[PDB]
């Protein structure tokens, strides 16, 4: 994969990791807890889909399951495999700003950037990268 996006919904409920390719499309969708598993099993046609649309489906599905309401928190973290592809990184941060701007009035959005090294420590703890910097 080119990069890994995690989304953690609420103060501590569904947790998923998106693996993305060079075209910013979601190629892997990994639940990290049981609530994240119900979400992923409801999301339809996410393979090769632009990650901004998959975020839309995840947040909609979390709201419909009762995991988010207005003014609640959404935490996104991004890890890059190729630390030296700054062009890719700039494009993701641009697209993440489009995502957070779209939701700034409904949810409190937090977008963090981490690294593989931290992601492996989070994986050894069985939790999302994002939830690990918050731990």
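Positions refer to the first chain, counted from 1.
Comparing 40 to 48 with 83 to 91, the higher mean C-alpha B-factor in the PDB entry belongs to 40 to 48. Ranking 17, 25, 113, 120 by Cα temperature factor from the entry places 120 first.
Residue 53 sits in the lowest third of its chain by CA B factor, as recorded in the PDB entry. Among the modelled residues of its chain, residue 135 has a C-alpha B-factor that falls in the highest third according to the deposited record. The PDB entry assigns residue 3 a C-alpha temperature factor belonging to the middle third of its chain's modelled residues. Sorting the modelled residues of the chain by their CA temperature factor places residue 63 in the middle third.
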